[PDB]
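A.B. asks: Okay, here's the structure, questions in a sec.
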Amino acid sequence: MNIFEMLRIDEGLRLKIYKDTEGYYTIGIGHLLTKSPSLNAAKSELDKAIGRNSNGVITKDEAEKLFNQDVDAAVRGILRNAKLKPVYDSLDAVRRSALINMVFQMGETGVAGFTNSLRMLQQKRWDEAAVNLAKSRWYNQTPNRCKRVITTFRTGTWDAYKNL
């Protein structure tokens, strides 16, 4: 397992525009199109980004292309954020994914909001974090995934993604 697989599991795949649990238009593997409430803006956004006239539906390969940049973008975001970096940098490789998994989902900003949690983690206080996280809205919105994620921070292993 690696981050890519992790997220494909968490985000699934969709070749057509759609709304995330946040109500935003997304497509592919959790590719956020636009915060705007307008199909068109998204459609616009999409084409722009895709380069050609999409008409709201992408190709598998495109999805993959976005995915790959989005992932890249997140790693990059973290490494550039004063609050995340240090944390990220203090985590073992498995936990780093989780962090990323988070960032990819709520964004650098959202994630930098989990102050204590961040600290806790940084400080190896696994359970406490496990706990804290569970208190977020996300948790009640993506219980399934927040679980998997939390387990990963907690355990430091991919068991949550292994199919037991």
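To be explicit about the labels: the chains of the structure tokens are called A, B, and onward in the order shown, and within each one the residues are counted from 1, while ligands get numbers from 1 in the order they are shown.
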Which residues come within 12 Å of residue 36 (chain A), counting only C-alpha atoms, excluding same-chain residues fewer than 2 positions away, as a list in words?
C.D. replies: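 The residues satisfying every condition are residues 19, 22, 23, 24, 25, 26, 32, 33, 34, 38, 39, 40, 41, 42, 43, 44 and 45 of chain A.
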A.B. asks: Counting only C-alpha atoms, figure out which residue out of A:120, A:58, A:160, A:129 gets nearest to residue 18 (chain A).
C.D. replies: A:58
A.B. asks: Could you pull the residues within 12 Å of residue 110 (chain A), counting only C-alpha atoms, minus those fewer than 5 positions along the same chain, as a ChimeraX atom specification?
C.D. replies: /A:78,83-84,99,102-105,115,118,136-138
A.B. asks: List the neighbours of residue 148 (chain A) out to 12 Å using only C-alpha atoms; skip same-chain residues closer than 5 positions along the sequence, and give me the result as a list in words.
C.D. replies: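 In the requested form, the answer reads residues 6, 7, 9, 10, 95, 97, 98, 101, 102, 130, 133, 134, 139, 142, 143, 153, 154, 155, 156, 157, 158, 159, 160, 161, 162 and 163 of chain A.
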A.B. asks: Compile the contact shell of region 12-17 of chain A as a ChimeraX atom specification: residues with an atom at most 7 Å away, counting only C-alpha atoms, same-chain residues fewer than 5 positions apart removed.
C.D. replies: /A:25-29,56-60
A.B. asks: With distances taken over only C-alpha atoms, which of A:37, A:93, A:82, A:20 is nearest to residue 2 (chain A)?
C.D. replies: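 Counting only C-alpha atoms, the residue closest to residue 2 (chain A) is A:93.
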A.B. asks: Excluding residue 119 (chain A) and any residue of its chain fewer than 2 positions from it, enumerate the residues within 10 Å of it, using only C-alpha atoms, and give them as number ranges by chain.
C.D. replies: A: 83-84, 86-87, 114-117, 121-125, 129
A.B. asks: When you draw a straight line from CA of residue 92 (chain A) to CA of residue 68 (chain A), how long is it in Å?
C.D. replies: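 About the pair CA of residue 92 (chain A) and CA of residue 68 (chain A): they are 22.1 Å apart.
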A.B. asks: Pick out the closest residue to residue 76 (chain A) from this set: A:46, A:146, A:88, A:21. Count only C-alpha atoms.
C.D. replies: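 With only C-alpha atoms as the atom set, the closest residue is A:88.
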A.B. asks: Between CA of residue 150 (chain A) and CA of residue 131 (chain A), what is the distance in Å, rounded to a tenth?
C.D. replies: 8.4 Å
A.B. asks: Region 2-163 of chain A: which residues are helix (DSSP H, G or I) by DSSP, as a PyMOL selection string?
C.D. replies: chain A and resi 3-11+39-50+60-80+85-90+93-112+115-122+126-134+137-141+143-155+158-161
A.B. asks: DSSP says strand (DSSP E) for which residues of chain A? Put them as a PyMOL selection string?
C.D. replies: chain A and resi 14-19+25-28+31-34
A.B. asks: Deliver the residues from the most recent selection as a file, using C-alpha atoms, as a CSV table (one decimal), in the first residue's frame.
C.D. replies:
```
chain,number,residue,atom,x,y,z
A,14,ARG,CA,-16.1,9.0,-10.8
A,15,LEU,CA,-15.9,10.0,-14.4
A,16,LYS,CA,-18.6,12.5,-14.2
A,17,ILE,CA,-19.2,15.6,-12.2
A,18,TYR,CA,-20.7,15.1,-8.8
A,19,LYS,CA,-21.1,16.6,-5.4
A,25,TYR,CA,-18.7,19.6,-7.5
A,26,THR,CA,-16.1,17.0,-7.8
A,27,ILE,CA,-15.0,14.5,-10.2
A,28,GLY,CA,-12.6,11.7,-10.8
A,31,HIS,CA,-11.0,16.2,-7.6
A,32,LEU,CA,-12.6,19.3,-6.4
A,33,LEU,CA,-13.9,21.3,-9.2
A,34,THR,CA,-15.3,24.4,-7.7
```
A.B. asks: How many Å lie between CA of residue 48 (chain A) and CA of residue 74 (chain A), rounded to one decimal?
C.D. replies: 20.8 Å
